[PDB]
């Protein structure tokens, strides 16, 4: 079991770590049919999604997707410093797999 986000990320294909060390600049959330997703940006212009749930996610990932939207919504509002994001880079925008917050 990985002890940090970087080791976690390395277990998967098509991922990379972005190091932001910055708060989230924008949080966007949608309930539109087939676009039930969130999108975050940072001030350097970097953009990331939490994906619409589908068959690329296993059942166990379904609740974790919901938790990530809770977390990103409140991280945004709380201005918490995002250390790193682990994301799938086979998607546009890049899709979040993991986040770490620290100061």
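Residue numbers count along the first chain shown, from 1.
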query	finding
Identity of residue with top Cα B-factor, from 61, 71, 47, 56	61
Ranked C-alpha temperature factor of residue 65 among modelled chain residues, by third	middle
Chain thirds of CA B-factor: placement of residue 78	highest
Among modelled residues of the same chain, the CA temperature factor third for residue 40	lowest
Chain-relative CA temperature factor third for residue 15	lowest
Ranked against its chain, the third holding the CA B-factor of residue 8	middle
